[PDB]
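Just below is one structure, and these are the notes that go with it.
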Amino acid sequence: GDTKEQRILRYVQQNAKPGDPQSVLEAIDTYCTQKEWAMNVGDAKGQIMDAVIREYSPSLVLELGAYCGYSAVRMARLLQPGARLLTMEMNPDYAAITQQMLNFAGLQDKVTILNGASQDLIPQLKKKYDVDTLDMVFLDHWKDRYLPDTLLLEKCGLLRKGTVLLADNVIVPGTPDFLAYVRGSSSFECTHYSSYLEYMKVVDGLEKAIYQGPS
Ligand SMILES: O=C(NCCNC(=O)c1cc(-c2ccc(F)cc2)cc(O)c1O)c1cc(O)ncn1
Ligand SMILES: [Cl-]
Ligand SMILES: [Cl-]
Ligand SMILES: [Mg+2]
Numbered sequence: 002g003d004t005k006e007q008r009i010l011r012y013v014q015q016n017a018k019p020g021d022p023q024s025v026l027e028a029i030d031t032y033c034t035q036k037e038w039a040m041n042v043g044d045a046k047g048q049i050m051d052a053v054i055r056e057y058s059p060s061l062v063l064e065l066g067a068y069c070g071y072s073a074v075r076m077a078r079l080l081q082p083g084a085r086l087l088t089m090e091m092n093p094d095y096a097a098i099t100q101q102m103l104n105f106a107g108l109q110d111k112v113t114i115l116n117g118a119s120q121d122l123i124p125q126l127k128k129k130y131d132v133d134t135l136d137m138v139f140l141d142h143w144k145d146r147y148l149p150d151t152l153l154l155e156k157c158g159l160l161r162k163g164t165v166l167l168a169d170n171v172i173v174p175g176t177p178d179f180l181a182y183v184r185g186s187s188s189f190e191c192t193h194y195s196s197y198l199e200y201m202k203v204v205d206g207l208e209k210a211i212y213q214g215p216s
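Residue numbers (PDB author numbering): 2 to 216.
Below, the structure is given as structure tokens:
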């Protein structure tokens, strides 16, 4: 039968207003609070994401790991006109749900959902996708991929002074190598935002790591 992610999309389509991103976020959070948990960033951490997005008003955001498109809705709804989000989702079924979710939210013109592995796609961003540098990166894919993909971003010349990395799940499931690395690096200025795992009474957190250039 249907998957959890199909159930979430359907619930959104039947309980949100088309073209209304806030209603989409609310529908998802209700579903996941009342019916079934799912690994969306959630409202607690989402509120911190919102605050970050509004501070930096990034023109170009890369997201690693889309899932059902919750975080992509969350960020894209706060982008300025003309600003854009690219999100890399290697799971094809998740990629399809994410696209449908963004279409329902009316945010399809702001977001490009690429179905491929981040390690394969990151090296194509400059030449294929005409990226110069990224303003912000949201990390939310496999937790053992945050560090290697961060180092790949730098290798490929995609980070600039001031590029904001914002990492989900640095407590649960945790990203110990990434977290130790950025906190130890003179090339990052880090801030920890303590919060809660989505839809749970469990502590989690976001890490912001602002790239400072080589050193
Ligand atoms: O990105 C891919 N999976 C989700 C990564 N995200 C997570 O695993 C994740 C997990 C949890 C979590 C927390 C507590 C718990 F008890 C169980 C899970 C929370 C979150 O907020 C996440 O973000 C992926 C899929 C695929 O098929 N191929 C390549 N990549
Ligand atoms: Cl999400
Ligand atoms: Cl929550
Ligand atoms: Mg997460």
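A virtual CB, placed ideally from N, CA and C, is assigned to each residue, including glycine.
CB of residue i within 8 Å of CB of residue j, strictly
i, j, result
"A67", "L108", "no"
"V25", "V62", "no"
"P215", "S186", "no"
"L115", "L135", "no"
"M91", "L10", "no"
"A39", "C69", "yes"
"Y12", "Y32", "yes"
8 Å contact criterion, which residue i and residue j should meet: CB distance rounded
i, j, result
"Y71", "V112", "Actually they are not in contact, since the Cβ atoms of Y71 and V112 sit about 12 Å apart, beyond 8 Å."
"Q120", "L153", "6 Å"
"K156", "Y212", "The Cβ separation is near 13 Å, so there is no contact."
Backbone CA spacing between residue i and residue j [nearest angstrom]
i, j, result
"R8", "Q14", "10 Å"
"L198", "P82", "31 Å"
"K18", "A28", "10 Å"
"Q35", "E6", "15 Å"
"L86", "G20", "17 Å"
"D141", "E64", "7 Å"
"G117", "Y200", "28 Å"
"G2", "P93", "18 Å"
"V183", "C191", "7 Å"
"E37", "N16", "16 Å"
"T164", "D133", "12 Å"
"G158", "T151", "11 Å"
"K129", "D110", "18 Å"
"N104", "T4", "20 Å"
"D51", "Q23", "12 Å"
"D169", "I123", "19 Å"
"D131", "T88", "15 Å"
"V53", "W143", "22 Å"
Chain-order list of residues whose beta-carbon lies under 6 Å from that of residue i (same chain, five-residue window excluded)
i, result
"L166", "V138, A210"
"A84", "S60"
Residue i: CB within 7 Å of a non-hydrogen atom of ligand 6
i, result
"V204", "Absence of ligand 6 is noted for the structure shown, with ligand 1, ligand 2, ligand 3 and ligand 4 being the only ligands found."
Nonlocal neighbours in the same chain, by C-beta distance under 7 Å from residue i, ignoring five residues either side
i, result
"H193", "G206, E208"
"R55", "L79"
"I49", "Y194, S196, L207"
Nonlocal neighbours in the same chain, by C-beta distance under 8 Å from residue i, ignoring five residues either side
i, result
"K127", "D133, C157, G158, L159"
Problem set entry | Sufficient close CB pairs (3 or more, under 8 Å) joining the stretch 91-99 to the stretch 161-174 | They do not touch, by the three-pair rule.
Exercise. Do the stretch 145-163 and the stretch 177-191 touch if we need at least three Cβ pairs shorter than 8 Å?
Worked result: Counting Cβ pairs under 8 Å, three or more are found: they touch.
For this session: Indicate whether the contact test is met: 3 or more Cβ pairs, each with one atom in the stretch 43-62 and one in the stretch 195-210, closer than 8 Å.
Result: Yes, they touch.
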